[PDB]
Structure formats: structure tokens, C-alpha cells
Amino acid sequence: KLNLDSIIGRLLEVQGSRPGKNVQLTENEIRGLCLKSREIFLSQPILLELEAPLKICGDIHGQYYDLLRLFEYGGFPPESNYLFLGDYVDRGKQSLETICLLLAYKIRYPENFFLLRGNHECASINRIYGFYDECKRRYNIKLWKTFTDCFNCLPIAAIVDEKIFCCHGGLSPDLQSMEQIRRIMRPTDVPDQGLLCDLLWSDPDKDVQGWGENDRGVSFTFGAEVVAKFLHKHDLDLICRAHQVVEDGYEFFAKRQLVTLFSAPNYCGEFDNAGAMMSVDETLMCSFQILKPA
């Protein structure tokens, strides 16, 4: 069984507590959340097609109490429809509570809650940057492998009313038609190069005229003329993405044709940045909601 109300309740019960109180669910409950949510991810299309109104968040990176502050201001599900753009674990202390509360809502409201895959929702990355460590200390190694099998079926991109294109990373030189995105057959591992790798790793750059090499050593960088031609060929108007920490929680690119979202404020304590989320009304009009520390 999955007493999900008891799970979501025991997670939200620490709301307002002193910072630093963990939520240790049972190994078989967390194991059940992965299987029941993986069941959902594979049933839904790999290229999600969503309808507004919808609230879009960026990266979380294990800042669970900061994920809760996002929900009180944005409305706890099912108040507003939600779509996340990956990067839920790592670089933060509470990665397990973060992904569990996100996996919990995805099961409770499977048509009003949505999660995309990020480059940190991959085995070879979260092993190093602190998520697998969080599994080792509080649970066992096999649970982290259960988490990997769940991430290996997350959707990659989401198209909101054929005018907003959402993904964690950015554009891909090998991306010519949406059928290439649907042609990807889950479960999948994120490769080191190619179409699937680029959608989770590429960055925008104002200095590149075309496709340039990325500093991360993975994927490429695209310029303002790449975004404009892409929106033009697929009758799109906006590219929403994350994958890059921004000072104001939001950062525009290519004359507002693209925007970078980062939802984790005070990211891992080495920046003083703020976290923002993008709200979308019925008329595809967008408003930014920002969390700023003082």
C-alpha cells in the first residue's frame, strides 16, 4: 500500500519548523513512490503537451525548506498547475525530502503536476554531487539505484500550447523536428553527447554567433540567432529553461525570446542570488514570482 496522505502529511508537517529538521520516511515508502511515479512517467508522453494556467519552476538542488517557501507563495497543489525543469537533488542538504515531496504530488495530482528531467537527474552526476551520499547515510545503496530507475523515465521537454518550449538545458544542433524527441524510447540513460544530452546541458551565450563549445566540457552553447530561427521553424514564441544560476531569479536572453529560471535562492550558500518562478495565465501571458532572501 501507499498511504500517500500520511506521506505528504509527514513531509509538510515540518513546515515552519526550525531550519534543519529532516523527514525520514520508510525505505519501503520511498521505494513505493519511485515505482508508482515511474508508472506515471512512462504512461505520459515523453514530450509532454500541457495547457495553461501553469507555474514553471527552475532548479531546486536539495533546498527543501526553499521548495516549501515556493509552494506557500505559489499555492500548494492542486491550487496551481506545476511543471518543473529538473535539478531537484545535489548541492543541497535535503535532497531526499525534496524529490519525495515532488514525487508525492506527481502521484496525487498526475494531471496537474509535472516534472522534467535535468542533468542532475542522472546516475553519473548525482553520484558525485551529494545525492547518492544522502542515500548512503540515511538509507542504503539499493535505494539510490531505485531512484536512478525512476529518473531514467522522466520526460525531457514539455510544450505548453505550442508556444512555450520547456527543458532543463537548452537547444540542440541535432534537433530538427519534435519527432526526434518523441522517438526517444524510455527507460534511457543520459548520454555524453547528442540530442538527448544537449537538451539537458546546453547554455545560451550572447557572444556566440551560432553553435560554440561549452565551458562545462559537455554539449554546446547557442547564440541569439539560433533561438530566433528555432522559434521561427516550429511556430514557437518562447524558450523557457533553467540549468544556470541567475542573480535576479530570472534572466532574459535574445530580446526576451528566452528566459533562464532558477528556483533555489541562496544557491548552496556560495551565491546571494534569489529564486523566481514563472506564472502563466490562460492567455499565455507570463508573470515572474520571486523569492528573495534578506
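A residue's number is simply how far along the shown sequence it sits, counting from 1.
Visitor: With respect to the recorded C-alpha B factors, which stretch has the higher mean value, 153 to 161 or 135 to 143?
Guide: Looking at the record's C-alpha B-factors, the answer is 153 to 161.
Visitor: On average, are the C-alpha B-factors higher in 121 to 129 or in 108 to 116?
Guide: Higher mean C-alpha B-factor in the PDB entry: 108 to 116.
Visitor: So if I compare the CA B-factors in the entry for 95, 193, 202, 180, which one is the largest?
Guide: By C-alpha B-factor in the record, 180 ranks first.
Visitor: Check the PDB entry and point out which of 208, 197, 103, 85 has the largest C-alpha temperature factor.
Guide: 208 has the highest C-alpha B-factor of those listed.
Visitor: Name the third of the chain's ranked CA B-factors that contains residue 74, choosing lowest, middle or highest.
Guide: CA B-factor rank for residue 74: highest third.
Visitor: When the deposited Cα B-factors of this chain's modelled residues are ordered and cut into thirds, is residue 26 in the lowest, the middle or the highest one?
Guide: CA B-factor rank for residue 26: lowest third.
Visitor: Sorting the chain's modelled residues by C-alpha B-factor, tell me whether residue 63 ends up in the lowest, middle or highest third.
Guide: Lowest third of the chain for residue 63's C-alpha B-factor.
Visitor: Relative to the other modelled residues of the same chain, rank the CA B-factor of residue 231 and answer lowest, middle or highest third.
Guide: For residue 231, whose C-alpha B-factor we compare with every modelled residue in the chain, the answer is the middle third.
Visitor: Where does residue 80 sit by CA temperature factor within its chain: lowest, middle or highest third?
Guide: As the PDB entry reports it, the C-alpha B-factor of residue 80 lands in the highest third of its chain.
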